[PDB]
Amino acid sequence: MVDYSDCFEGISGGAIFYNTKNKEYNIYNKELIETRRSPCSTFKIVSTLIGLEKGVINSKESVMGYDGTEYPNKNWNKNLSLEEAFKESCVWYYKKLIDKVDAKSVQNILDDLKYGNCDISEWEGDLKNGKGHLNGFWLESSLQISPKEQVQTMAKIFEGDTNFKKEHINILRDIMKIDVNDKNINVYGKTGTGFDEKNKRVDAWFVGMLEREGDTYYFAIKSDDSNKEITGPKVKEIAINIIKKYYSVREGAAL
């Protein structure tokens, strides 16, 4: 176990970092990182690979066709590209993408990735929340996965141990790239924001990887705080603070 409480600042949560070279895990709050929860928008990492593998999309510029629906996030109000849909967590884009994939292919791919409970039984999600077509099995619905399982899934995909094409993984790396105002830090990730009504707690995620010199760390930061203000973007700041403090570069460090 390790203590990253200083970077959480009272926010209830946990973190796990896995290094490819030492095969060692750095775990903070062992019980929480082993608890399965809705992946929320972190599922976009996998749905992007499914869409590329099934030919629904083919590049970072791929579009799904916009029907003119007005959404709160104005970056959703257009025929946006895969890259923009990933960075803006655009649910309509990804719902239209996964509906063009047959259920058995998604099932086989989640089974092979060991993606948590691999439960896509509630395909359309929780329609009893009134959000209509802004729902799916990965949004506070049947699919659930633990932070440790997320890190194990990343490692298999990005270490080249799955059947996904290298060019498809390269598209995912490109759109996952984060700008942290330090060209020495190579961080890739995806946020997830959801509320668990059964436990009255958020599902705030930041999942990805850090390429530091010749080392690679797959990580998952997760909050379960009762404060509805705790979102994926806030858990992302915690992750970056943990990276800068405990996984900083030796060479070219700031003076």
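Sequential numbering from 1, following the sequence displayed.
Once the C-alpha B-factors are averaged per stretch, 73 to 81 and 125 to 133 rank with 125 to 133 first. As listed in the deposited structure, the average C-alpha B-factor of 9 to 17 and of 236 to 244 is greater for 9 to 17. Among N26, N186, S59, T191, the highest C-alpha B-factor in the deposited entry belongs to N26.
The PDB entry gives the largest Cα B-factor of the residues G65, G214, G208, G51 to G214. The entry lists a Cα temperature factor for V46 that places it in the lowest third of the chain's modelled residues.
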